[PDB]
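One structure is given here, and the rest of the page talks about it.
No Cβ is skipped: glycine too gets one built from the backbone with ideal geometry, and neighbour counts run over all protein chains shown. Each answer follows from the model by the rule given with it, or from the source it names; none is laboratory data.
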Amino acid sequence: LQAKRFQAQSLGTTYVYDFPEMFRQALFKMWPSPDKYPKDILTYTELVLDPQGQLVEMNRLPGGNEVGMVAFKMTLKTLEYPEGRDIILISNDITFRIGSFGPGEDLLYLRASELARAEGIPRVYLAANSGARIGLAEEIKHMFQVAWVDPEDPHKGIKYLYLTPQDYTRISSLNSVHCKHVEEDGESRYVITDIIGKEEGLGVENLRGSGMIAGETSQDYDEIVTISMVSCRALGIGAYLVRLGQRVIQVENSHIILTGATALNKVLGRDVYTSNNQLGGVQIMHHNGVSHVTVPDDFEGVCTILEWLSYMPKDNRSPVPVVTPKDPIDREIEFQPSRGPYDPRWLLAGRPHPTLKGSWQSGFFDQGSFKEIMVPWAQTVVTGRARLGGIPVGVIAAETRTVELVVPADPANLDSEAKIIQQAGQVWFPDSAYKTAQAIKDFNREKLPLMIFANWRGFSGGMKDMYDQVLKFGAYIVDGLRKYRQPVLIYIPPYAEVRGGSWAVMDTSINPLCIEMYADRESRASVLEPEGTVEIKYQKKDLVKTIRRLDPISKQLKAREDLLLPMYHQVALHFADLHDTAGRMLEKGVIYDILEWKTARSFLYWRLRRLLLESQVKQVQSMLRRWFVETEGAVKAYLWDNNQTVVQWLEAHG
Amino acid sequence: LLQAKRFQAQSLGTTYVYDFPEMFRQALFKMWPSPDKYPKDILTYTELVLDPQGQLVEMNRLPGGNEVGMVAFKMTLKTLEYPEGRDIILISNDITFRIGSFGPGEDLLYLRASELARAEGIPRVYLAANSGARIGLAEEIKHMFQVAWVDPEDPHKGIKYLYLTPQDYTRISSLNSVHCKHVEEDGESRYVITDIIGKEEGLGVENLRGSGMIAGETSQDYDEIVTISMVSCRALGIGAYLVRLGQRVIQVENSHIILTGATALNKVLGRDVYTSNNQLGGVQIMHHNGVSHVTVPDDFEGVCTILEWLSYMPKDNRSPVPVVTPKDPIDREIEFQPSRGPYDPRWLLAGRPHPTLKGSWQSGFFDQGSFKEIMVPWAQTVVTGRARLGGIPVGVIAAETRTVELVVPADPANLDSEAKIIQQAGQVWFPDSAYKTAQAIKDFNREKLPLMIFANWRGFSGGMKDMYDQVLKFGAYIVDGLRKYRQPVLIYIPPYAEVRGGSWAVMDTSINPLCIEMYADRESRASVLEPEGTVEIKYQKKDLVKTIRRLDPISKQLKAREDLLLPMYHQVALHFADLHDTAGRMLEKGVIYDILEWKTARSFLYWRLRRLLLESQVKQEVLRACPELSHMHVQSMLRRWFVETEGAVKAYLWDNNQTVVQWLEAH
Ligand SMILES: CC(C)(C)OC(=O)NC[C@H]1CC[C@H](CNC(=O)c2cc(-c3ccc(CN)cc3)nc3ccccc23)CC1
Ligand SMILES: CC(C)(C)OC(=O)NC[C@H]1CC[C@H](CNC(=O)c2cc(-c3ccc(CN)cc3)nc3ccccc23)CC1
């Protein structure tokens, strides 16, 4: 017990059978107000496989593992689900054969993953592995013979390897070797054509059990909630498993590798790499978007899992867990967006008052609810989870400030150095387009609604960015949104803009059943900005036609026009901006309704509470409207355009 | 009379839209074998025009008479694959009508001809020669609006607001072209302009809802039907998006696929960085990154590339693959012999027109002249294309073994940038070639094509820069693409080729056992690690020393004998680890269907693919009436039906592919 408990702590990780006590303890932390802690906060049954190759809920004593993989079906008690929520907890045993994957490790991972898929409950995976198992025939190793090209003289080569007829006969019929009988020199010998071995998990068959678990993981992300935690290391198959599950928590001083540092130096020849953390540590994986969040220790990772889960429904057949809000809906929004650049997280989470202490300047979402993912990667777009009157939502927000990308130096070219790049705010770069698509896909498979705070000038059209695939990454936004199954609320806040190519990828017509567009009183939208519109449709000739109409002096002339030209151009710009308003967006029907920031929280809440209520009842629209008319009256029918009325009605009638 | 529009298109380096149908006709004559066996009405088409209710109607009319800068055609084409005819939808911009800009009607006519191709489940062909979303200003309000200056002496002080005189607010009806707040400044009535709407439709944000409409439709099209796009002259904004959402792109030389022009970007940067639109989205960029699958010198050569791509694709999303009678026999051996060292894998696929003599050809795996590659300059460690195996069209993916020389082109925005040469080791999946592979898998799956993988991978790139460039994300896209694969997948490791660890994992039969079939050659290899790797962890100096003591007569002083024997008994350990990596082991462990031989692999895999295709159609007819039956109820039915007709003496021949195909084709 303490021998395995030492081997794990010496490797910096948590011993596998101690993990459920980290879950029971973190549930106490997440729980609000003691004394009133619930009875049986954490209940579980260890998942083991029987000799029939089938899973069984049998409960034993810790340490008694015959395979280097441990799974548990658990029931957790949370503020979201106080009676309990179920998950499947798979984990690698870092003590047993150094966390390698053999047939028995692949099979348990598969059968527990298939059980979570059948129930539709979250699959939480704990990674600490050495990848697929490796093996040579040790029986054949201590018996095999060599036939040299010159028996003097090891140089010149080898003809083949053989077995003495006594030894070929001794290993039966056991099927461990394929041999061709040969009469050479004067002795009978069995040329080893193929080495098979009388053991499982020696080569090729460990890849079939790797493909098996990759395909299952691939499919789970599409039907259930998958979460992966990297502790110590994730190698080859272990690294691909975390990726296919998409939501990765990387502990500090851990690595997500495909091949090791020594292995890569051995192939390349020279000593390129220093460590495995270099190749796939936090500085690589938290920065390129493979890792969603970093944590100091395994305990903190256990907390981040439950934290993410608190935004997610119980299973794939249950709605989002809406909780009684502590922060009211009847409040205005203290924080006010500026015309110039600002941090979009203020717009979401609020901020401490700029001058006053210890005051808080409120934001769109409920205080303390805004939890961001993929923070260091593709900083021109903000991705995360939040709560709106207790409704957990997926959050996507454009960054308006110029950001800093630090491409690290390539240890492979000794003349390489870190490339520093500036990325302009309100722009979808190849990376930010990828991030926006990825968060769309991830939040859709969590069965979460989506909230986008829109502020985009367009996609980057520069040579490098076009070479780097912006066209391909922008197309993935259009499809992520088309495939969206829950409500999508698109909002342009005050002094924000959505221009040409950006609107086209998120418009109501891509998915009208989910997408709804809301524009602020002070927001803008058009094909080009006024400058672009002015240069094509409001040229110098028209500009001179305007002076010779409005200027009373313009009745010599060239002296008067050349003075007013930069002034009547400012006129043209202002004229063009008047065609880009929310007033025009409403007249044309491209948006649902014009919003006012201070009251946008309360409006969007009731509209969101409505849509989620309306969809559950459906799991047909005219049927819902007629049932309102039937119960409230044909005289009250005008209130069907009022969300609070309809919300309070749906919550009552049912 | 309309020859001026024809002259306006020639000067823009493109074809006039009403001349494209006659190019199709001519291209079908070129692609028709031996005259005069030319079929009656090789091309028959109708023009698709929108009615005033916004509905598509079939019209037989004279050219040059469209009142929207978009044109659509419902074409019936007589080809070798379908001699009685196949249907396509042809949509194209009209570069002479408001410079091919996308307005209200242009967007509705693209959406309606697309939905018709969706509803009919047939190919949708789009020819791009556009200018992106249409822009405009309210011209009426322009010659009438007033400026309220903050200091009118003195206009340099700025603008307070723009307004209307009481006179002009009345004149402007009942027209709803402006929105005003009534003001009393100084003493006279002024109607402040708050919002300019405009009389004419298709100015601002309504064009972007029309763009979102067609974007979402093309995105659906690609997933459901065959999508092909060609680029002539230019593809701007929404136009660039359309070609990409359709995925399969032919870019004509000298044309550009861009989001924003060089002039506008230079104004935005405040620096004269770009000199041409070609530096942004010309073939130098689009053909070198995968957005453009192929390039052609002119509009007629690309019209030929569409029909060429179509010759591998079924007539609709319901039909089977167009199987043509083979001119190149199935009964033949492959002449080209893969080497132990690197070779061009296009020699393994298409052969070569003979090394010594000249020669016609030294035969390859596929039928002569049938291999047609896509994405030639992009991610050169993987080869992607289409080909025919005894007249069966397939998607082709082959690992490249030669060390590829990648030229990273100079960034005119970056001052220290030069044309950089990077080395891409053969047999390795990099962030770019993993992406290229998953792109081909996903795209060929939507063509409803069987896939054939000629595998030779050492694994994925594990270096720091490559891990940072997303090799895990892209490698995972191979898993997701093969799992969702719907037609047979024939993976084969050629002679002297290898599949190691990480590379087998992404493509194993367990990902899609209903589709995936694994075959290995007698001279191929596979395992978790390369011999050198297996020997490094599992056959250490301790075991190496032990062997020296057991197999060396002299080793019975000691330390000196073994030190001069260690470099050689090490090579012996490599020989030992390599015999675990043979096809013999792969077959024993049940990881491969069978061990094949290079010479006879073409004959073998043809009858197995003919079998797989024939049986899948039987399985479909069966699971149409009773979708509760499985693949195995279908397997034993045909198996027992064969029993039981031919034997039971010939029962062992249910395992022979040619025999079952012969029984199938006949029965
Ligand atoms: C440069 C950064 C990194 C900021 O981003 C990009 O590379 N692209 C993002 C974005 C940039 C703005 C663009 C919208 N452009 C305009 O509204 C605009 C257009 C034209 C213009 C003129 C003629 C044509 C011909 N159709 C097109 C544009 N000229 C201008 C001059 C000054 C300021 C803005 C503009 C979207 C992409
Ligand atoms: C080769 C490059 C760096 C261009 O590509 C990669 O980044 N990844 C492909 C990679 C996949 C993993 C593989 C490591 N596997 C081994 O089996 C291995 C090979 C050799 C090895 C060394 C030298 C030679 C040349 N005589 C051949 C193999 N040495 C090792 C030492 C320790 C552990 C594993 C290995 C490497 C390829």
- Out of B:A573, B:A560, B:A577, report the one residue that is touching a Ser or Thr at 6+ places or on another chain (Cβ under 6 Å) and assigned by CATH to the domain that holds B:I491. B:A577
- Query: Is it true that B:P494 is away from ligand 1 (no atom under 16 Å from the Cβ) and either under 22 Å from the mean Cα position of the chain (by Cα) or more than 30 Å from B:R248 (Cβ to Cβ) (or both)?
  - Reply: no
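Sort out for me the helices (runs of 4 or more DSSP H) sitting completely within the stretch B:553-621 that have 1 or more residues that are over 30 Å from B:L514 (Cα atoms) and within 14 Å of chain A (Cβ to nearest Cβ). Spell out how you get there, then give the answer.
Details: elements: B:558-563, B:566-578, B:583-588.
So the answer is B:558-563, B:566-578.
So which of B:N66, B:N60 is of a type outside the set (K, R), within 21 Å of B:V125 (Cβ to Cβ) and surrounded by fewer than 12 Cβ atoms within 10 Å (Cβ to Cβ)? Don't jump to the end; show me each part of the working.
Values: B:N66 fails: surrounded by fewer than 12 Cβ atoms within 10 Å (Cβ to Cβ).
After ruling out the rest, the residue left standing is B:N60.
Working only within the stretch B:504-531, note down all residues that are assigned to a helix (DSSP H, G or I) and either crowded, with 24+ Cβ neighbours inside 10 Å or within 16 Å of ligand 1 (Cβ to nearest atom) (or both).
Of all residues in the stretch B:504-531, those assigned to a helix (DSSP H, G or I) come to B:504-507, B:509-511, B:531.
Correct list: B:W504, B:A505, B:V506, B:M507, B:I511.
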- Query: Which number in (1) within 21 Å of B:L472 (Cα to Cα); (2) within 14 Å of chain A (Cβ to nearest Cβ); (3) assigned to a loop (DSSP other than H, G, I, E, B) marks the one condition that B:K442 misses?
  - Reply: (3)
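Taking into account only those residues within the stretch A:535-552 that are at the interface with another protein chain (Cβ under 9 Å from one of its Cβ atoms) and aliphatic (A, V, I, L, M), which is farthest from B:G237 (Cα to Cα)?
Of the stretch A:535-552, the ones at the interface with another protein chain (Cβ under 9 Å from one of its Cβ atoms) are A:535-538, A:542, A:545-546, A:549-551.
Now restrict to residues that are aliphatic (A, V, I, L, M): A:536, A:550.
Values: A:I536: 16, A:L550: 37 Å.
Among those residues, the one meeting the criterion is A:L550.
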- For the stretch A:150-162, indicate whether the set of residues that are among the acidic types (D, E), crowded, with 22+ Cβ neighbours inside 10 Å and within 14 Å of chain B (Cβ to nearest Cβ) is non-empty. no
- Message: What pairs come out if I take residues in the stretch A:410-431 that are farther than 30 Å from A:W503 by Cβ and pair them with residues that are within 16 Å of ligand 1 (Cβ to nearest atom) whose C-beta lies under 8 Å away, six or more apart or interchain?
- Response: A:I420/A:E404; A:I420/A:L405
- Query: Which pairs do you get when a residue that is over 15 Å from A:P82 (Cα atoms) and assigned by CATH to the domain that holds A:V302, found in the stretch A:33-53, comes within reach of a residue that is among the hydrophobic types (A, V, I, L, M, F, W, C) and assigned to a loop (DSSP other than H, G, I, E, B), reach meaning Cβ atoms under 8 angstrom, with the pair 6+ apart or on two chains?
  - Reply: A:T45/A:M58; A:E46/A:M58; A:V48/A:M58; A:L49/A:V67
- Message: Looking at the stretch A:200-211, I want the residues that are facing chain B (nearest Cβ under 7 Å) and have a partner that is among the polar types (S, T, N, Q) with Cβ atoms under 7 Å, at least 6 apart or on another chain. Which pairs are those?
- Response: A:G203/B:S527; A:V204/B:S527; A:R208/B:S510; A:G211/B:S510
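Take B:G501 and decide whether it is within 15 Å of ligand 2 (Cβ to nearest atom), surrounded by fewer than 24 Cβ atoms within 10 Å (Cβ to Cβ), over 30 Å from A:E417 (Cβ atoms) and within 11 Å of chain A (Cβ to nearest Cβ). Can you show your working first?
Values: within 15 Å of ligand 2 (Cβ to nearest atom): yes; surrounded by fewer than 24 Cβ atoms within 10 Å (Cβ to Cβ): no; over 30 Å from A:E417 (Cβ atoms): yes; within 11 Å of chain A (Cβ to nearest Cβ): yes.
Here the answer is no, as B:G501 does not meet what is asked.
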- Have a look at B:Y485, B:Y496, B:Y477, B:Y468 and point out the one that is within 30 Å of A:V272 (Cα to Cα), of a type outside the set (A, V, I, L, M) and more than 16 Å from ligand 2 (Cβ to nearest atom). B:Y477
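Please find, among A:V124, A:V182, A:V177, the residue that is surrounded by 13 or more Cβ atoms within 10 Å (Cβ to Cβ) and closer than 18 Å to B:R585 by Cα.
A:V177
Could you please give the count of residues in the stretch A:236-254 that are more than 16 Å from A:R123 (Cβ to Cβ) and either of a type in the set (G, A, S) or within 10 Å of another protein chain (Cβ to nearest Cβ) (or both)? Don't jump to the end; show me each part of the working.
Of all residues in the stretch A:236-254, those more than 16 Å from A:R123 (Cβ to Cβ) come to A:236-237, A:239, A:250-254.
Adding the requirement that they be either of a type in the set (G, A, S) or within 10 Å of another protein chain (Cβ to nearest Cβ) (or both) leaves A:236-237, A:239, A:254.
Matching residues across the stretch A:236-254 total 4.
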- Scan the stretch B:256-264 and give yes if some residue there is small (G, A, S), away from ligand 2 (no atom under 16 Å from the Cβ) and either part of a helix (DSSP H, G or I) or in contact with a strand residue (DSSP E or B) (Cβ under 6 Å, 6 or more places away or on another chain) (or both), otherwise no. yes
- Query: Quick one: is A:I329 within 16 Å of ligand 2 (Cβ to nearest atom) and either among the acidic types (D, E) or in contact with a helix residue (DSSP H, G or I) (Cβ under 7 Å, 6 or more places away or on another chain) (or both)?
  - Reply: no
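Looking for something more than 16 Å from ligand 2 (Cβ to nearest atom), touching a strand residue (DSSP E or B) at 6+ places or on another chain (Cβ under 6 Å) and aliphatic (A, V, I, L, M) - is there at least one such residue anywhere in the stretch B:271-281? Break it down into steps so the answer makes sense when it comes.
Kept after step one, since they are more than 16 Å from ligand 2 (Cβ to nearest atom), are these residues of the stretch B:271-281: B:271-281.
Still in the list and also touching a strand residue (DSSP E or B) at 6+ places or on another chain (Cβ under 6 Å): B:277-278, B:280-281.
Retained after the next criterion (residues that are aliphatic (A, V, I, L, M)): B:280.
Yes: one or more hits.
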- Note on the structure: Exception for A:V393 within (1) more than 16 Å from ligand 1 (Cβ to nearest atom); (2) part of a loop (DSSP other than H, G, I, E, B) falls at (2)
- Query: Is one or more of the residues making up the stretch A:267-281 more than 7 Å from every other protein chain (Cβ to nearest Cβ), in contact with a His (Cβ under 8 Å, 6 or more places away or on another chain) and assigned to a helix (DSSP H, G or I)?
  - Reply: yes
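Of the residues that make up the stretch A:69-77, is at least one under 30 Å from B:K546 (Cα atoms), touching a helix residue (DSSP H, G or I) at 6+ places or on another chain (Cβ under 6 Å) and buried (at least 21 other Cβ atoms within 10 Å of the Cβ)? First the steps, then the outcome.
So the first thing to find is which residues in the stretch A:69-77 are under 30 Å from B:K546 (Cα atoms), and the list is none.
Checked against the condition, which is being under 30 Å from B:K546 (Cα atoms), touching a helix residue (DSSP H, G or I) at 6+ places or on another chain (Cβ under 6 Å) and buried (at least 21 other Cβ atoms within 10 Å of the Cβ), the stretch A:69-77 yields no hits at all.
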- Inside the stretch B:462-495, the number of residues satisfying the requirement of being within 29 Å of B:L596 (Cα to Cα), of a type in the set (F, W, Y) and either assigned to a loop (DSSP other than H, G, I, E, B) or at the interface with chain A (Cβ under 8 Å from one of its Cβ atoms) (or both) is 1
